[PDB]
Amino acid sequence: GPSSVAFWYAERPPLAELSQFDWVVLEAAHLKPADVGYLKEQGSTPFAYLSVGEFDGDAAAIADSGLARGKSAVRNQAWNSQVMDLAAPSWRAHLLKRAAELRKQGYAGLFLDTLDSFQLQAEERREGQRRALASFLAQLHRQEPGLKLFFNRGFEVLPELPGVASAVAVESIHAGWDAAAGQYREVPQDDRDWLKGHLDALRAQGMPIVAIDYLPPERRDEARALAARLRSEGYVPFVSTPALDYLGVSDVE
């Protein structure tokens, strides 16, 4: 897996600086193929963001895209993000086409997000979504064996996908972002208690685990210490801001 990792989702990625991280996850809309090639020339492994469980867009955006039939009307839906039906052929086809385009652009892998958004569906629908997610990920991996798949969590599907994921990320281990309360908050103990069983399992199988923790820029000294703490606990960390628009820290200075 990675020795160091950065995530940058904003415009104008600082490519020279990002190139010194082993793995770099980017929003591909803000890069051109020459930029992706430059990162590889420098020795970095570039990954493109891909949201598997949700479509990011206004209602105008998802209608324009031809994906409307695939939208699930979940009760707790986050604004500007639509939970999609992982069994919908138009959604699955859309994602596979996107993967092919990102492959052609030179990405070495995909960072697969919203792998647990199906838990927002009605309880009795979740197992069917989980199975559709697992079959989608297997088909993605079969179609695109040249893309390393860097999962964001995925605990409900990982046991059925041996050999598919190259690493698993987790937001967050110690320092997190409470999107509701809009605050940097310590990850609550009960959140760490729930993660422990899943992370212990991945550790037992040698899976590289990336910790995505959140501290604001003014706390860069604390972010350095936290990166060291996370490495001593076996994680490959990136400590940054929730917008991922910041040259956060993965190792000590």
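Heads up: residue numbers just count along the shown sequence, starting at 1.
Taking the PDB entry as given, 75 to 83 carries the higher mean Cα B factor of the two stretches 75 to 83 and 113 to 121.
Remark: stretch with higher mean C-alpha B factor among 179 to 187 and 102 to 110 is 179 to 187. Looking only at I62, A48, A211, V52, the residue with the top Cα B factor in the deposited structure is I62.
The deposited CA B-factor of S232 belongs to the highest third of values across its chain. The entry lists a Cα temperature factor for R130 that places it in the lowest third of the chain's modelled residues. Annotation for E160: C-alpha temperature factor in the highest third relative to the rest of the modelled chain, per the entry. When the modelled residues of the chain are ordered by their C-alpha B factor, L26 lands in the lowest third.
Sort the modelled residues of the chain by CA B factor and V5 lands in the lowest third.
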